[PDB]
Every structure is written in structure tokens, then in C-alpha cells.
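Please read the structure below before turning to the comments.
Below, all heavy atoms of this structure are taken into account, side chains as well, without hydrogens, waters or symmetry copies. Residue numbers start from 1 in every chain, and the chains themselves are labelled A, B, ... in the order their sequence lines are given, proteins ahead of strands.
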Amino acid sequence: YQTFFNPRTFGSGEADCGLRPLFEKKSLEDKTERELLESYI
Amino acid sequence: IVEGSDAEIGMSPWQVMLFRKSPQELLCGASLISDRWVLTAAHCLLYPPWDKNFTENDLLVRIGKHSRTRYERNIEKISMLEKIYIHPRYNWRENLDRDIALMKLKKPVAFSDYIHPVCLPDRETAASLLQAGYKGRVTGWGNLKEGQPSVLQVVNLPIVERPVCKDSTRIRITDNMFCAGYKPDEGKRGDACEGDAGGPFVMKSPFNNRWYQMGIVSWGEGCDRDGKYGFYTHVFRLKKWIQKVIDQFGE
DNA sequence: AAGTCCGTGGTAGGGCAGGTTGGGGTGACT
Ligand SMILES: Cn1c(CNc2ccc(C(=N)N)cc2)nc2cc(C(=O)N(CCC(=O)O)c3ccccn3)ccc21
Ligand SMILES: [Mg+2]
Ligand code: NA
């Protein structure tokens, strides 16, 4: 991922956006995300 | 959410609740895209046909919430709105074209296990994920059928072919919206409902494992009717407006 | 598949640009 906005106006958060502390950060998958993944095939 | 399930704790940490102060009621969903910017639907703040017209002081936002009711100490956070920006091309009468608003928090919110922003799509994520049959995730505390739920609901819905969207409604739809939901012949069901409007339609990239908000819950004829689909605001298409508002008026 | 359409009101002012707004894409239609 690469940033698009200026943190001064946008705020913090963009660098690490869309990665959940309790799932992606822990290498745990939620109970239905697999459904999404399988739809992209 | 109709035909959904209970969200797991921390499953949608960009979920935001948009409340009216007095009398206290849940108005809409919304999403956290940074420590101080929130995305929602324009009609949540301004919709003259329902004499809906809201200023910054009328509203409250609650973040990091699982249970609709009880206060969740050291988990949820309260915030006030500094300023609201509705898209100038928002059409509240004909077709809800460009149904999007940006909302600036009066102070930055701290991130946690329960509070974390969603990514905004770029051209390539739009090109890769916006395909008929590809599924995204809708979340909210709106009605379970056409009883508002105890805890946040989640359902996964396929993006639909454009010609089907168009034939599903008399409304003159535009390139600034898309539709999602199962067809009658697919057997499966599910949809957003009243109270889910303004919440995010998210999608997980198989390329970088990140969640992207591709859509905003905008409008639908009833909820979960056969031959009807939920309409979502096309976030990527409006990303330039987002950037301009944030550049021109941020912190 | 040569191309052509996506602004002057509309959701709405003062004006024919552009602004927080008429870009370019899941392009669509012929
Ligand atoms: C339900 N809902 C909401 C908000 N909550 C919401 C609820 C459910 C869903 C959902 N079912 N996923 C998604 C959002 N706003 C709505 C505006 C109209 C409406 O304005 N029009 C005219 C303009 C236009 O909508 O084009 C329209 C459409 C068909 C007929 C007549 N009128 C109908 C329904 C609306
Ligand atoms: Mg104009
Ligand atoms: Na449906």
C-alpha cells in the first residue's frame, strides 16, 4: 500500500488502513471473509 | 441488515454510528477513513422529502461499538462533528445521484482493537474488485426486515450486472451508484435496511489483504424483495471530490 | 466497431467557469 493524502489534512491512519488489529494483524480470519475471497474466482 | 449475522468483536472497526442528539435516535451508519474524517450518505443529513435537514450540532457519532444499546467502557468513543460537507451535485429529488457526505470530527479519535480506519480504493482496486458477482460486506444496526438488532449485523452481497440494476427500477440510475444483492434464481437472500443507510460496503483485496470501502449504503425499494437490489454510492468515482474537500479544508 | 454522449440548470447562484461541482469510466450506447 502507498499513501495518497497528506496526513496534516487527512489525519493519521492511511498507512495502516484496512488491516484489523484482531484479524489481519493476528493472522486470524473472520467467519465469512472466505465467502468474499471465493467470489473473486 | 436482513438475513445477516452478528458481527464478531473488532470485525468492522471502521464502523460508525450517526446519532441525533435530541430526541436521541440512531439516524444512519458511517465509516472511519482516518483519525478525524468520516464518510456517510448525504441523505442522512439532508433529504427534504422526509423533511430531513441536520446541522453539525444536531448530531453525535459513536465509534468502536458492538452492542447497539449498552455503553461499552474503554471500547467505544464519542465524537462531535466540526463540519459536514455534502457533494454539491447531490440530487435528493430525482435519483439520489452522488449520495455522499464527508464529516470532520472536532478532535482526532485514538485507534484501538475496536477503532481502525478502512482504506479508500484507488483506480486499480476499482478495476479489480468492481465486477458482477464479486461480493462485498455491508454492516449496520438497521432493521432486520421491511426490532432494530442488539449487535452489529453483517451480510455479504454480490455486485450485480448494470443492465439488471437498470431494469430493476424506474429510477434513472447513474454511474455514481451500483447495486448489490442475490437474484431470485440464486436462492440466497440478504440486503441492507432502514438504519443501515450511510454505512460501508467493503471488499477485501486478495492482493494486499486490506479492506476497501467501495460503496455507501444509499437507497432501496423496500428491503430484500425479489427482483430488487440495494443501491450503493460509487466511492472510487467520487474520490476526487473527497481529496479536494480534505485538501482544501483538512485540519 | 467508425465513432458520440456525459453543463449553464439541476439538488442550486449567478452566470456559461468553476467552486467542495461538468470527470472519465466496471465507461455506455450505436
Ligand atoms: C429506503 N430508502 C432510503 C434510505 N434508507 C435505505 C433503506 C434501504 C436500503 C436497502 N433496501 N438496501 C438502502 C437505503 N432512501 C430512499 C429513497 C427512495 C427515494 O428517494 N426515491 C426517489 C429517488 C430515488 O431513490 O431514486 C425512490 C425509489 C423508488 C421509488 C420511489 N422513490 C426510496 C427508498 C429509500
Ligand atoms: Mg454550475
Ligand atoms: Na433484493
Side-chain angles (χ1 to χ4, degrees), chain A residues 4-6 8-11 36 39-41, chain B residues 33-34 36-56 81-105 120-136 157-169 171-181 183 197-198 201-207 212-216 218-219 229-251:
Chain A
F4 177 96
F5 295 99
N6 182 348
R8 191 68 218 99
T9 50
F10 192 64
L36 302 188
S39 74
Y40 310 152
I41 290 57
Chain B
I33 69 189
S34 79
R36 70 199 67 192
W37 283 104
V38 174
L39 210 53
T40 190
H43 80 255
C44 297
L45 305 169
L46 178 68
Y47 192 69
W50 297 347
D51 205 312
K52 176 165 265 52
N53 171 57
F54 281 117
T55 186
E56 292 79 3
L81 294 186
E82 188 67 77
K83 182 66 185 171
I84 291 159
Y85 307 82
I86 293 98
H87 198 298
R89 301 264 291 250
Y90 165 61
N91 190 344
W92 47 257
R93 199 269 304 166
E94 173 154 289
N95 61 358
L96 288 177
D97 185 53
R98 292 176 168 111
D99 188 14
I100 188 166
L102 269 176
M103 293 187 316
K104 179 84 208 302
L105 305 186
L120 288 174
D122 60 56
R123 180 63 197 118
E124 203 144 62
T125 73
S128 65
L129 300 185
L130 294 183
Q131 308 198 55
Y134 288 20
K135 292 171 178 165
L157 300 175
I159 293 156
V160 178
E161 293 82 348
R162 180 53 63 87
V164 179
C165 297
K166 188 172 69 174
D167 288 357
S168 81
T169 175
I171 294 302
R172 194 179 66 69
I173 68 177
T174 71
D175 298 349
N176 303 304
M177 45 186 84
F178 66 87
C179 89
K183 299 191 180 60
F201 179 103
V202 302
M203 292 184 82
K204 177 160 168 158
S205 173
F207 302 114
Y212 291 84
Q213 170 166 187
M214 305 305 299
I216 305 173
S218 179
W219 68 278
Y229 307 99
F231 281 74
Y232 297 80
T233 310
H234 187 342
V235 172
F236 174 60
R237 186 68 71 109
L238 270 35
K239 169 82 165 299
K240 281 295 168 60
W241 169 82
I242 293 174
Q243 184 184 40
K244 193 66 185 301
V245 168
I246 288 172
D247 287 355
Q248 288 309 107
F249 301 112
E251 197 57 9

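North is the pucker class for the sugar of C:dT11, given a positive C1'-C2'-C3'-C4' value. Using the sign of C1'-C2'-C3'-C4' as the criterion, C:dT26 is classed as a south pucker. The pentose of C:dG14 belongs to the south class of puckers. Its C1'-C2'-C3'-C4' angle has a negative sign.
Pairs of Watson-Crick or G-U wobble type, with distances under 3.5 Å, assemble into runs of 3 or more in DNA chain C at these ranges: C:3-5 with C:27-29.
Side-chain contact between B:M214 and B:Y232: absent, with no pair of heavy atoms (C-beta onward) separated by less than 4.5 Å. Between B:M177 and B:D99 the shortest side-chain heavy-atom distance does not fall below 4.5 Å. Using a 4.5 Å heavy-atom threshold, the side chains of B:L120 and A:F4 count as separate.
Here C:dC16 is in the syn range [glycosidic angle within 90° of 0]. Annotated as anti: C:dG14, whose glycosidic dihedral deviates from 0 by more than 90°. In this structure C:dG19 sits in the anti conformation; its chi angle is more than 90° from 0.
Within the 4.0 Å cut-off from OP1 or OP2 of C:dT26, at least one side-chain nitrogen or oxygen of B:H234 is found. At least one side-chain nitrogen or oxygen of B:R123 sits closer than 4.0 Å to the OP1 or OP2 atom of C:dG25. Between B:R237 and C:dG27, a side-chain N or O to OP1/OP2 separation shorter than 4.0 Å is absent. The phosphate of C:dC29 (OP1 or OP2) has a side-chain N or O of B:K166 nearer than 4.0 angstrom. A sub-4.0 Å separation between OP1 or OP2 of C:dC6 and a side-chain N or O of B:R172 is absent.
Listed for the B:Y212 side chain is no donor-acceptor partner under 3.5 Å among the backbone atoms of B:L129. Panel note: side chain A:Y40, backbone B:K135; a donor-acceptor pair is recorded below 3.5 Å. Using modelled atom types, no side-chain atom of B:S218 and backbone atom of B:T233 make a donor-acceptor pair closer than 3.5 Å. A donor-acceptor pair under 3.5 Å is absent between the side-chain atoms of B:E251 and the main chain of A:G11, judged by distance alone. Panel note: side chain B:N95, backbone B:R172; a donor-acceptor pair is recorded below 3.5 Å.
Contact check on B:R162 versus B:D175 returns a salt bridge, with a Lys/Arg side-chain nitrogen under 4.0 Å from an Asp/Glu carboxylate oxygen.
Distance check on atom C1': C:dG7 versus C:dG18 gives 11 Å, rounded to whole Å. Nucleotides C:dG14 and C:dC6 place their P atoms 26 Å apart, quoted to the nearest Å. The gap from the P atom of C:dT11 to that of C:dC16 amounts to 23 Å, rounded to the nearest Å. Straight-line distance between the P atoms of C:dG23 and C:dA2: roughly 27 Å, to the nearest whole Å. Annotation: C:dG15 and C:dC5 have their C1' atoms spaced 24 Å apart (nearest Å). A distance of about 23 Å separates the P atoms of C:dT20 and C:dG25, rounded to the whole Å. Rounded to whole Å, the separation between the P atoms of C:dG13 and C:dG3 comes to 41 Å. The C1' atoms of C:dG19 and C:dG10 are separated by 15 Å, rounded to the nearest whole Å.
Remark: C1' of C:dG9 and CZ of B:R98 are 14 Å apart, rounded to the nearest angstrom. As a whole-Å value, the separation of B:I100 CD1 from C:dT21 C1' is 13 Å. A straight line from NZ of B:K239 to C1' of C:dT21 spans 18 Å, rounded to a whole angstrom. Rounded to whole Å, atom P of C:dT21 lies 9 Å from atom CD of B:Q248. Between the CE atom of B:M177 and the P atom of C:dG25 there is a distance of 19 Å, given to the nearest Å. Going from atom CD of B:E94 over to atom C1' of C:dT11 covers 10 Å, rounded to whole Å. Separating the CD1 atom of B:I246 from the P atom of C:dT21 is a distance of 13 Å, rounded to the nearest angstrom. The CG-P distance, from B:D122 to C:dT26, rounds to 12 Å in whole Å.
With a ring-centre distance below 5.5 Å and an interplanar angle below 30°, C:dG25 is stacked on C:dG24. Stacking status of C:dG19 with C:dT20: not stacked, per the base-ring test of centres under 5.5 Å and planes under 30°.
When each of C:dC29, C:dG25, C:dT20 is scored by its nearest atom to the side-chain atoms of B:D175, the top-ranked nucleotide is C:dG25. Checking C:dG10, C:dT26, C:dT20 against the side-chain heavy atoms of B:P88 singles out C:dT20 as nearest. Nearest to the side chain of B:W92, among C:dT21, C:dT26, C:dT11, sits C:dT11.
Side-chain N/O atoms of B:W241 and base N/O atoms of C:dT21 include no donor-acceptor pair closer than 3.5 Å.
Heavy atoms of B:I86 sit under 4.0 angstrom from at least one base atom. Contacts of B:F249 with the nucleic acid, taken as non-hydrogen atoms under 4.0 Å apart, include base atoms. Residue contacts for B:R89: at a heavy-atom cut-off of 4.0 Å it reaches a base atom on one of the strands shown.
Mapped onto DNA chain C by nearest heavy atom, B:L130 and B:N91 fall at different nucleotides, with B:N91 at the one closer to the 5' end. Projected onto DNA chain C by closest heavy-atom contact, B:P163 and B:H87 fall at different nucleotides, the more 5' of which corresponds to B:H87.
Using cut-offs of 30° and 60° for the angle between ring planes, the B:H43 and B:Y47 rings count as perpendicular. The aromatic rings of A:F5 and A:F10 lie parallel to each other, with less than 30° between the two planes, well short of the 60° mark.
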